[PDB]
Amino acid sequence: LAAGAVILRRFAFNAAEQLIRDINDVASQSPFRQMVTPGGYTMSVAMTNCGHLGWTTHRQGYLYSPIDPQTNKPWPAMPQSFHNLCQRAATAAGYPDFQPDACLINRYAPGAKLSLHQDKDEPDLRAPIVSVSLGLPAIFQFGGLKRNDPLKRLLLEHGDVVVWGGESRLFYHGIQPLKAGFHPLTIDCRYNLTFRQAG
């Protein structure tokens, strides 16, 4: 249960293969990299971005940049497959006007994890975030408006799309260590795309 959240399991099943081809295309321009947090610690999840803006870590904290700090070049353009799926999911969830200008791409290797955090780097917290999972299943955990609220667990599997809007948009959340396994399309990892209106 998550007020404001719209869970569309297997919604992206049909576009999965194409999405994976485009993730590889994006990674060819802006390679996956394990960003270092302001405290000086390497994240276990590997990331990259496509679209006008990209989420990244900085010395002063977190922020969106139109330039890839590693390549010093713009992030790859938002592929059509990405925009089309996000549009259908957003509209289906009730957000037909949602127009993302950034897509953070996370890659989870076996054991990779993402500790509890809030996504508050966006200008308007009223705009939802569309999440698309691919490959191996992962346990998504979330709490409440506070970092010490009751944590709930939700398994996200290949093709699962969740539109995080309303109150859920501000919930603390994370991903538990990815259990080892095999998937025909991603082999041994999980991918997650999150579309955001960062501009």
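C-alpha atoms forming the largest set that superposes within 1.5 Å between two forms make up the rigid core. Position 1 is the first residue in the sequence shown; the rest follow in order.
Between 119-127 and 104-112, the larger mean CA deviation from the shown form in 4 other deposited structures of this protein, after core superposition, belongs to 119-127.
When the other structures are laid on the shown form by the core, the C-alphas of 170-178 and 54-62 differ in how far they drift in 4 other deposited structures of this protein; the larger average drift belongs to 54-62. For the pair 103-111 and 123-131, the record assigns the higher mean C-alpha temperature factor to 123-131. Stretches 140-148 and 65-73 differ in mean C-alpha B factor, with the higher average recorded for 140-148. Going by the entry's values, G39 shows the largest Cα B-factor out of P31, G39, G159, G54. Residue-level temperature factors show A15 in the middle third of its chain, judged at the C-alpha atom. Compared with the other modelled residues of the chain, the Cα B-factor recorded for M35 ranks in the middle third.
Per-chain ranking of the deposited C-alpha B factor places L178 in the middle third. For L1, the recorded CA temperature factor ranks within the highest third of the chain's modelled residues. For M43, the recorded CA temperature factor ranks within the lowest third of the chain's modelled residues.
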